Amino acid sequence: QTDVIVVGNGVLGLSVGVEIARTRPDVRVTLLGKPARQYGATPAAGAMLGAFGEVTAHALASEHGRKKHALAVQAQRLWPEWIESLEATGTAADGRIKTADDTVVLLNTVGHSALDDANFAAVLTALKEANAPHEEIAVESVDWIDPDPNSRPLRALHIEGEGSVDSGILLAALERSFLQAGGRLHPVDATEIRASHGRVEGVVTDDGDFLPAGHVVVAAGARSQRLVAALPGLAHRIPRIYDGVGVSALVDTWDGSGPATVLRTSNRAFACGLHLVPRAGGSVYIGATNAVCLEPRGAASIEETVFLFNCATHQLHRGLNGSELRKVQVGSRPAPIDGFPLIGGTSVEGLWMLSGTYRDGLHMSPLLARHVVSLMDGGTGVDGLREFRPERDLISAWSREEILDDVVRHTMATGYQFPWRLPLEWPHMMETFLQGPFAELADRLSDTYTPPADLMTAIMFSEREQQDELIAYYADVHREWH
């Protein structure tokens, strides 16, 4: 069997499917997944082609973070030809994948100085270091925005050639391009990967059928590790992936207008953020919340909807207040337990993984697809992706001290982003009383592993049973790798 099965119909599954089908016209490539795309991240995405917009001081302070950033900058160079190659299989009436060429990053005071001020400085530095075209511009020169004056930006950064795509039109163009290249869509879900004598045999589907294959590529988003972890030994050799549950919305604007550019803040408390992505036809996309959940969730909370709407109406455009809500969207960012993606080969011959991309899998998709296809054809793919091999000991990209500083800063940032109004002694009081319980949790979980802040807050407020299960997991991983 030289047959290829791609498990997953998100941006990563379809992107790798398209690259395999185009590159190996000799082989049969079958892509699994249903049109409902349950918990799907890609359909809930705007989406921003975020390289520089995703820069944080905390990310760029670690070697693993600087490597992830380098890959995002590399991926940006592939997008123009990738889009051309996908629109080539379609006509004008299919709609345009690209919705904006440029991004404006806004700095307002509706957040923590320790995140927003540091992150704005880090973005400016990363742009200069990469020789990317950009300009700090007068806020008065930013098109379209009409913020509440008390929520308004005082600094603005124009990033040239950092744009957005319509995630729905991208998925349609990938499916069309996949079929054009001879790929076959089988609208069922994989239940189980079959392997024996350290080699893949194929996939059992949820209609009871068995599909044989020499290659299985797992791109099932937040379900990817749970699917592979069933194979012998792999439960403690493939890092867990959780659901980074994200809420976004489509709004029909009061006057049918929209901005010419992406409008965004830097990443904010626990990897949420505020952005507006232009859409065709009098629609705008607003996003996006983030909460790491130990179990999947397919519905927005009241809190998430209110926070998203309140931020957009005050910080971007008060006209959105009177605008019509068309759709609340919910998707699961694949959130890796060690904070880095799972991309490449396994100890099982013919078994590949493309997952754990959290906030920027869609942006990195053309690079990640080409990397995995290179590896499948006996190549070395892309240089900096080696460290993010899916079969690995949990990465420790930061000291426990750095993470404990970060988790307290991010907790305080949930206050400043609201924005709260409190007596002035309360924030210092909460800072001092948060340090102890988070230090105690970190020490209790493991002697070697520390979860990143986004996951640590989820664990802090989870049931005792869920905490104990994670202590067991971390201990089993240490046993396996040490």
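When you see a residue number, it is the position in the sequence shown, counting from 1.
When the C-alpha B-factors of 43 to 51 and 26 to 34 are averaged, 26 to 34 comes out higher. Taking only CA atoms, the mean B-factor in the PDB entry is higher for 138 to 146 than for the other of 138 to 146 and 98 to 106. Looking only at 304, 175, 129, 401, the residue with the top Cα B factor in the deposited structure is 401. Of all the options 384, 80, 259, 334, the entry's greatest CA B-factor is assigned to 384. Ranked by Cα temperature factor within the chain, residue 11 sits in the lowest third according to the deposited record. Per the deposited record, the Cα B-factor of residue 433 falls in the middle third when ranked against the other modelled residues of its chain. Sort the chain's modelled residues by C-alpha temperature factor and residue 411 lands in the lowest third, per the entry. When the CA B factors of the chain's modelled residues are split into thirds, the value for residue 91 lands in the highest one. Among the modelled residues of its chain, residue 233 has a C-alpha B-factor that falls in the highest third, as given in the PDB entry.
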